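Summary of structural features
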Amino acid sequence: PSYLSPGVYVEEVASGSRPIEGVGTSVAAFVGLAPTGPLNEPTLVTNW
Amino acid sequence: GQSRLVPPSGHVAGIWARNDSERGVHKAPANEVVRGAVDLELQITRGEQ
Amino acid sequence: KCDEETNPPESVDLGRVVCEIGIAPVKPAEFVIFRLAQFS
């Protein structure tokens, strides 16, 4: 950092812990034909 | 009975004498209150300092 | 320091005393810096 004037400076050192988390692997995409509904749009469903 | 501007000549000498009396001469008169003033007619930010 | 090492006979012939003195002064603290780091 740059110090040019008297005073009190508070800085945070980046040294620490940065945990890495997993990802969800339970999503599937089905392509098919249906009688009625949105066309060419990847709709999201979570219950019948 | 009016306010007017004067140079800071005697006040710094008084501050130096006070610092030399209360503490040793090795203490830098860096943080002392200019007892007696009212205003400054100018403001300094961090960058200007 | 004031001894025969800093006062050779040639110097003391002319009547000279040196008495070398060295001190270490103190300086004011102007910039105060903290860190505030996170550790395990």
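Note that residue numbers begin from 1 in each chain and follow the written sequence, not necessarily the entry's scheme, while residues that lack coordinates are absent from the view. Whichever chain is written first is A, and whichever ligand is written first is 1; the rest continue in order. Only some chains of a larger assembly appear here, and every value describes just that portion. The basis for every side-chain value is the complete set of heavy atoms in the structure, and neither hydrogens nor water enter the calculation. Residues with missing side-chain atoms are left out of burial classes, side-chain pairs and their counts.

Frequently, the measure chosen for interface size is the accessible area that the parts lose on association. Listed per partner, the contact involves 14 residues of chain A and 10 residues of chain C. Around 1000 Å² of area is buried between chain A and chain C when both sides are counted, 57% of it from carbon and sulfur atoms. Contacts described as polar in this section are N or O atom pairs within 3.5 Å, which, within protein, must combine one atom able to donate a hydrogen with one able to accept it, while residues neighboring in sequence count only if both atoms come from side chains. Between the two partners, chain A and chain C, sit 7 residue pairs in polar contact. Class assignment of the residues belonging to the side of chain A that touches chain C gives a composition of 7 nonpolar, 5 polar and 2 charged. In this description, strands pair whenever DSSP reports at least two bridges between them. Helix numbering and strand numbering both begin at the N terminus, where a helix is a DSSP run of H or I of at least 4 residues and a strand a DSSP run of E of at least 2. Note that strand β1 (residues 7-10) of chain A and strand β1 (residues 31-34) of chain C share 4 bridges and pair parallel. Bridge pairing in β1(C) places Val8(A) opposite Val32(C). For this analysis, residues touch if any pair of their heavy atoms sits within 4.5 Å. In this description, buried area is defined as the sum, over both parts, of the accessible area (probe of 1.4 Å) that is lost when the two are combined. Residues are sorted three ways: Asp, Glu, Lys and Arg are charged, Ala, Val, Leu, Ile, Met, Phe, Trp, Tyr, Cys and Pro are nonpolar, and all the rest, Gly among them, are polar.

Once that is clear, we can look at the side chain of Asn7(C). All names here are of chain C. Along the chain, the position of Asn7 falls in the segment before α1 (9-13). A polar side-chain atom of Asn7 sits 2.8 Å from the main-chain carbonyl oxygen of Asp3. Within the structure, the side chain of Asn7 is placed 2.9 Å from the side chain of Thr6, a separation counted as a polar contact. Not counting the four nearest positions on each side in its chain, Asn7 is found in contact with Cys2, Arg16, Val17 and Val18.

In this section: the environment of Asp39(B). Relative to the elements of secondary structure, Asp39(B) occurs in the segment after α1 (10-22). Along the chain, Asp39(B) and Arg4(B) lie 35 residues apart, while their C-alpha atoms are 9.7 Å from each other.

This part covers the state of the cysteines. Residues and elements named next belong to chain C. When two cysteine sulfur atoms lie within 2.5 Å, the pair is treated as a disulfide. In the structure shown here, the tally under the stated rule is 0 disulfides over all chains. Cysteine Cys2 shares no disulfide, and the gap to the nearest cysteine sulfur, in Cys19, comes to 4.3 Å. For every residue, the accessible area obtained with a 1.4 Å probe (protein chains only) is divided by the maximum for its type, and the residue is called buried under 20%, exposed over 50%, and partly exposed between those limits. Under the relative-accessibility criterion, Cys2 is labelled partly exposed at 47%.

Let's shift gears to a nonpolar patch on the surface. What goes into a patch is any residue over 30% in relative accessible area without a salt bridge, connected to like charges within 9 Å or, for nonpolar side chains (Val, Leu, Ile, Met, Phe, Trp, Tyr), within 5 Å. To measure how exposed things are, a 1.4 Å probe is used in the Shrake-Rupley method; for residues, cover is taken only from the protein chains shown. In what follows, salt bridge is the name for a side-chain nitrogen of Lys or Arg lying within 4 Å of a carboxyl oxygen of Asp or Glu. On the surface, a nonpolar cluster with roughly 470 Å² of combined accessible area is contributed by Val8(A), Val10(A), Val32(C), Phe34(C) and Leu36(C). Going through the elements one at a time, β1 of chain A together with β1 of chain C are the ones with two or more residues in the nonpolar patch. Counting through the fold element by element, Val8(A) comes out in strand β1.

Turning to the pattern of salt bridges, a few remarks are in order. Taken as a whole and assessed by the stated rule, the structure comprises 3 salt bridges over all chains. A salt bridge links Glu11(A) to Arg35(C); the nearest nitrogen and oxygen atoms lie 3.4 Å apart. Taken together, the residues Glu11(A) in the segment after β1 and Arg35(C) in the segment after β1 connect one chain to another. You can call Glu11(A) partly exposed: its relative accessible area is 22%. A salt bridge links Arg18(B) to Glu32(B), with the nearest nitrogen and oxygen atoms 3.1 Å apart. Pair noted here: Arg18(B) is in helix α1 and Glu32(B) is in the segment after α1, with a separation of 14 residues, a long-range link.

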